[PDB]
Ligand SMILES: [Cl-]
Ligand SMILES: [Cl-]
Ligand SMILES: [K+]
């Protein structure tokens with residue numbers, strides 16, 4: 001298990017534009033195109049992203065390409081965020097992957113509201129952090145995925161993904 005395999009499980013792989021759990025145009029492996037309700041707008045974002053006139057469908061390789069970029073950018077942003085870098089640095093590799101996964105899903109902006117949870121992680125108060133994390137719109141809207149992420153923060157193991 002690793003960040004790529006974990007997010008592949010969590011996001012799936014689709015080669016045509018589709019809408020994510022929030023109703024937003026996405027493609028590939030969780031690659032958010034835009035929050036605009038305009039499909040053409042989405043398609044334009046896709047073409048810009050891939051570098052060609054696609055007509056809304058991409059190859060697996062292309063999908064993987066955006067994914068790699070996406071994972072990298074997620075890490076990079078965490079490293080550049082003064083509110084997150086410290087948490088990230090205080091963690092073991094398994095938990096770090098869970099934090100990257102969260103940011104990939106909700107963004108740094110979405111992570112701003114987790115200050116308290118992040119603090120519990122920093123204190124290594126695993127069960128306390130787990131309880132806290134669950135008290136969020138994030139958990140309520142994507143409970144199965146959030147539960148997985150939370151078990152990783154709680155245990156430092158991949159057990160939640162192990163059988164998927
Ligand atoms: Cl992009
Ligand atoms: Cl879910
Ligand atoms: K998805």
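Summary table
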item	result
Residue check, residue 6 outside any loop (DSSP other than H, G, I, E, B) and over 15 Å from residue 65 (Cα atoms)	yes
Output for the range 114-136, where each listed residue is exposed (fewer than 15 other Cβ atoms within 10 Å of the Cβ) and closer than 25 Å to residue 8 by Cα	none
Residue selected from the range 24-42 under the condition in contact (Cβ under 8 Å) with a residue 12 or more places away in the chain and out of contact with any strand residue (DSSP E or B) (no Cβ under 9 Å at 6 or more places or on another chain), by the criterion nearest to ligand 3 (Cβ to nearest atom)	30
Of residues in the range 1-13 being away from ligand 2 (no atom under 16 Å from the Cβ) and farther than 16 Å from residue 73 by Cβ, the one farthest from the chain's Cα centre (by Cα)	1
From 111, 146, residue being closer than 20 Å to residue 21 by Cβ, buried (at least 18 other Cβ atoms within 10 Å of the Cβ) and away from ligand 2 (no atom under 14 Å from the Cβ)	111
Options 60, 16: the member that is loosely packed, with under 15 Cβ neighbours inside 10 Å, in contact with a strand residue (DSSP E or B) (Cβ under 6 Å, 6 or more places away or on another chain) and farther than 27 Å from residue 137 by Cβ	16
Condition met for residue 79 (without any contact (Cβ under 8 Å) to a residue 60 or more places away in the chain, exposed (fewer than 14 other Cβ atoms within 10 Å of the Cβ), within 18 Å of the chain's Cα centre (by Cα) and on the phi < 0 side of the Ramachandran plot)	yes
Residues that are surrounded by fewer than 17 Cβ atoms within 10 Å (Cβ to Cβ) and either within 15 Å of the chain's Cα centre (by Cα) or in a helix (DSSP H, G or I) (or both), drawn from the range 21-42	21, 22, 24, 39, 40, 41
Selection status of residue 17, free of Cβ contacts under 8 Å to residues at least 60 places away in the same chain and farther than 27 Å from residue 159 by Cα	yes
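When we count neighbours, we look across all protein chains shown, and the Cβ atoms used for this are built from the backbone with ideal geometry, even at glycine. Rule-based calculations on the coordinates, nothing more; no lab input.
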